[PDB]
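Reading through the structure tokens given below for one structure.
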Amino acid sequence: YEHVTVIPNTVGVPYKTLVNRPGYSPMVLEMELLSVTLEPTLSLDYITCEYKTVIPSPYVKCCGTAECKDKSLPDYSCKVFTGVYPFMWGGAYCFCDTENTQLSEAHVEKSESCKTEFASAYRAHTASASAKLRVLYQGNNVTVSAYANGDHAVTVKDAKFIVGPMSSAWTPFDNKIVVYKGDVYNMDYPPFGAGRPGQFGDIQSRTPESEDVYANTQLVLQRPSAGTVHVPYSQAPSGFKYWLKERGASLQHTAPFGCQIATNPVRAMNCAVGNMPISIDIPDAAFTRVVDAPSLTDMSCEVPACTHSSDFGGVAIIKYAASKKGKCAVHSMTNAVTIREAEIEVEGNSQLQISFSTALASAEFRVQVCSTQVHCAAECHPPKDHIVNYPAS
Amino acid sequence: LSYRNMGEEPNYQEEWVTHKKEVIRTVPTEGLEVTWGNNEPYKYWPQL
């Protein structure tokens, strides 16, 4: 009626499930999760871009005493250079002799590429589970994607799906992550506007489109240009340049758990940890009765080759004699060997040479031939290959 | 080019490469994903 099982939550596993209704016929379903999605609760705190110090117009009081100004901006500064004797391209800038002053006023400013400057200090909240899995039941292999927590239905081919939650949260979420313009960098977000000198976060933007920005980078004006109209204004290095310079590894560079990291929104594709509770709401009317199918009996299970490898190494014949022709299910009634097919066409007194992938060398695989049992034997020798690409059985 | 194990402890080593190189990747229990340059990196899984 309802088949609740746990598939091994891994990318690309042929998750076989034998829905055998008692007094129905044998039913089998082969589903595989293509992608799981970890979607965290992003909560932006620091806005990260390089801070550009806007130096003002030169306050050359030529032949005149300097006056103070309280530049109450982010990093405003007024400095008095006594001895204002600047000369310019039209000549000497002061017609007065020696009593000129240089008021040097320098303020801070955000990045003019601040739209391109995407430093997102997403203080991460909880994670969301989304999953897309294909399913092959009723002779049909079709995909279904959903918010994979188990609080929203999937319904495909008359088959309900309660997918999710996962087992654990060891995922690519850190505590307060940083979107470094496409990158996931797990970082220590500083005091929001009260950041330390020169680190990643010198110009902290408490709003990503805000107007207040904490920038204490030591933008200090030196003594002025000696006879030249120049405001020497020494500031700290590019902390946004440094954190972009020291970008480090991304999520793909930092994949724990075999994790695959994606951005905007940060998606945890291939969170290879935990098993998936999948509940197929089987529509029971499609479940054909036990008298309905061909009556498979008098079978022999002969392992033609036993090669303990990742591939379907035990390819064994089942000389079976069905009651009538039809598509009878091949169910892995044993624990180890996965049947390469799912339901083979049994036409009559013939041999179905189906393959099973296992690892155990002395293999006795018990299989259900649509109602029947067969415990076949195989000496699974070690395969000659060393390293493969895929996963195995 | 970086390498890292295919499980929880990745151990994601990485080296910028300049010359001809012979990388001796260790077959992990979860295998070894290596991205050498700009393609999707190969994931070694050792058959017994």
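Note on naming: chains are A, B, ... as they come in the structure tokens, residues start from 1 per chain, ligands start from 1 in the order shown.
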message: Give me, as a PyMOL selection string, the residues of chain B touching chain A, with the criterion being at most 6 Å (counting only C-alpha atoms).
response: chain B and resi 6-8+10+43-47
task: List every residue of region 80-327 of chain A that DSSP, applied to the backbone of this structure, places in alpha helix (DSSP H), and write the result as a PyMOL selection string.
output: chain A and resi 239-245
- request: Go through chain B and collect every residue that DSSP, computed from the backbone, puts in strand (DSSP E or B); the answer should be as number ranges by chain.
  value: B: 2-5, 13-14, 32-35, 42-46
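Between CA of residue 304 (chain A) and CA of residue 358 (chain A) lies a distance of 14.4 Å.
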- prompt: What is the distance between CA of residue 98 (chain A) and CA of residue 85 (chain A), in Å to one decimal?
  reply: 6.6 Å
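Near residue 35 (chain B), within a cut-off of 10 Å and counting only C-alpha atoms, sit the residues residues 252 and 253 of chain A; 1, 2, 3, 4, 14, 32, 33, 37, 38, 39, 40, 41, 42 and 43 of chain B, with same-chain residues fewer than 2 positions away left out.
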Selected residues written out, C-alpha atoms, as a JSON list (two decimals), in the first residue's frame:
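Done, and the output landed in selection.json:
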```json
[["chain", "number", "residue", "atom", "x", "y", "z"],
["A", 252, "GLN", "CA", 34.49, 23.07, -4.78],
["A", 253, "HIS", "CA", 37.94, 23.84, -3.44],
["B", 1, "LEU", "CA", 45.55, 21.82, -9.83],
["B", 2, "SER", "CA", 44.10, 20.50, -6.58],
["B", 3, "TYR", "CA", 43.29, 17.07, -5.21],
["B", 4, "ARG", "CA", 41.03, 16.06, -2.34],
["B", 14, "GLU", "CA", 46.60, 22.16, -4.28],
["B", 32, "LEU", "CA", 40.11, 11.05, -4.91],
["B", 33, "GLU", "CA", 38.63, 14.00, -6.80],
["B", 37, "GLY", "CA", 43.22, 23.14, -14.37],
["B", 38, "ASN", "CA", 39.84, 24.14, -15.67],
["B", 39, "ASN", "CA", 37.82, 21.00, -16.46],
["B", 40, "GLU", "CA", 35.63, 18.89, -14.23],
["B", 41, "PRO", "CA", 38.21, 16.92, -12.25],
["B", 42, "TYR", "CA", 38.53, 13.15, -12.33],
["B", 43, "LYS", "CA", 37.18, 11.10, -9.44]]
```
- request: Tell me which of A:289, A:306, A:348, A:375 sits closest to residue 360 (chain A), counting only C-alpha atoms.
  value: A:306
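Using only C-alpha atoms, the contacts of residue 269 (chain A) at a cut-off of 10 Å, with sequence neighbours closer than 4 positions omitted, comprise residues 11, 34, 35, 36, 37, 38, 39, 130, 131, 171, 172, 258, 259, 260, 261 and 262 of chain A.
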query: Looking at only C-alpha atoms, which of A:229, A:159, A:73, A:215 is the one that sits closest to residue 282 (chain A)?
result: A:159
- prompt: residue 336 (chain A): which residues within 10 Å, counting only C-alpha atoms, same-chain residues fewer than 2 positions away excluded, as a ChimeraX atom specification?
  reply: /A:332-334,338-339,356-360,363-366,393
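Residues within 12 Å of residue 69 (chain A), counting only C-alpha atoms and excluding same-chain residues fewer than 4 positions away, are residues 59, 73, 76, 77, 78, 79, 80, 103, 104, 105, 106 and 107 of chain A.
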message: From the options A:30, A:209, A:97, A:67, which residue's atoms come nearest to residue 117 (chain A), counting only C-alpha atoms?
response: A:209
